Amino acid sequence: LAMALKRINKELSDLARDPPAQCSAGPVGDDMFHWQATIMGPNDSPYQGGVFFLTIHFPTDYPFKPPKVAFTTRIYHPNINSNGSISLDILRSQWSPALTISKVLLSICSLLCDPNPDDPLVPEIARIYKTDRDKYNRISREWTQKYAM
């Protein structure tokens, strides 16, 4: 079990020294397996300005499994749900040790900036993304302002 506890401490000392401008993550308490992260919506999106929290729950055999990453903060997006659960290949099938928890965050950034409706975790919103962006945007913007500011 120290194998992962050595790995994570790496990834934290990485993110500490050189953070991403639009992301941030770290543990709470002396526990190093439960993290908290924040993405801030990108400046070419309805999610702009708003600040979204996530929880990263690492496994005991990390990096040989993916982490459980999910949004604590409400977001009206096609690929994310009320549970909080993201759908993102790299958390499910395409996971590798090479992959940092950062690159997950980065990928969650792009997901917001460049949302994919063909892998719909929430078909209701997916209907609306594909038939009326103005409606999608106005809402996904209103939700950003209510729940993420």
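Just count from 1 along the sequence shown to find any residue number.
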Stretch with higher mean Cα temperature factor, 79 to 87 vs 116 to 124, is 116 to 124
Averaging the C-alpha temperature factors as deposited, the higher value of 26 to 34 versus 50 to 58 falls on 26 to 34
Residue 9: C-alpha B-factor third of its chain, per the entry, is the middle
Entry-reported C-alpha B-factor of residue 92 relative to its chain, by third, is highest
